[PDB]
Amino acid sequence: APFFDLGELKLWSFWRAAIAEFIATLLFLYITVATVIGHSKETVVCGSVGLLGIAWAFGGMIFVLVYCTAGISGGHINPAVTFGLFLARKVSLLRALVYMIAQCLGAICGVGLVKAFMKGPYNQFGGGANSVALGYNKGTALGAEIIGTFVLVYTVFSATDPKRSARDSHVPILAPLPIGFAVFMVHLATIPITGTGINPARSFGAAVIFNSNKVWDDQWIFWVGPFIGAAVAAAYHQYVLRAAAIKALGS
């Protein structure tokens, strides 16, 4: 794999792909963390959208955002997704890094906006952030992040279009509904454990803005867990040897 290929010299398109990932991740953090704080601050019992509503915010926004950006950037919104695809040689190292930076920056900005709008409840109720919950240890958290991210990245590889690519690149277009649903599902199982990270930029953006020592102590789990889950899904996709032209037929 070279550091970069000719696609990365199509500078206009490559710039707009980075912007599309930046904005999408910003929007992803804003809606989901605002949903979280809005639920956490509610004084009436059953007065909120509930944990079910939070899981929907994360799954539904990934559906919407991959839908909007798949033809522009490939629709990653998530460094572990970008990392998996890079391992499968679907993304160059240079594009991979640019994507991760755009995603981490967008994440900080989105969470930033939630804090700007509701600083009181934002600081009071945990800042959106991922950390190990009471009654679990780090090994369980990490395990839950690995397997959770595997589900996500396994779904991404199955969702790739073998013939269609994002504008001026060979980065595969992705079917958004299955990927959104994978996210929703993993939140249902993983919210009691870590909040659910499965997305290093999502975890990072919230840790940057909330800036607590507890959250920073746990932060490595939300990089290492998803990167490992991503690598194991790539390995698996490579072994069920189904890159080729296994187009999954949508629902």
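Residue numbers run from 1 along the displayed sequence.
When 239-247 is weighed against 226-234, 239-247 comes out higher, by mean CA B-factor as recorded in the entry. Set 94-102 against 130-138 and average the Cα temperature factors; 130-138 ends up higher. Comparing C-alpha B-factors across 65, 183, 44, 36 in the deposited entry, the largest value falls on 44. Considering 73, 160, 149, 124 together, the PDB entry gives 124 the largest C-alpha B factor.
When all modelled residues of the chain are sorted by CA temperature factor, residue 86 is found within the middle third.
Among the modelled residues of the chain, residue 215 sits in the highest third by CA temperature factor in this PDB entry.
In the PDB entry, a CA B factor belonging to the lowest third of its chain's modelled residues is recorded for residue 199. Sort the modelled residues of the chain by CA B factor and residue 40 lands in the highest third.
In the PDB entry, a CA B factor belonging to the lowest third of its chain's modelled residues is recorded for residue 32.
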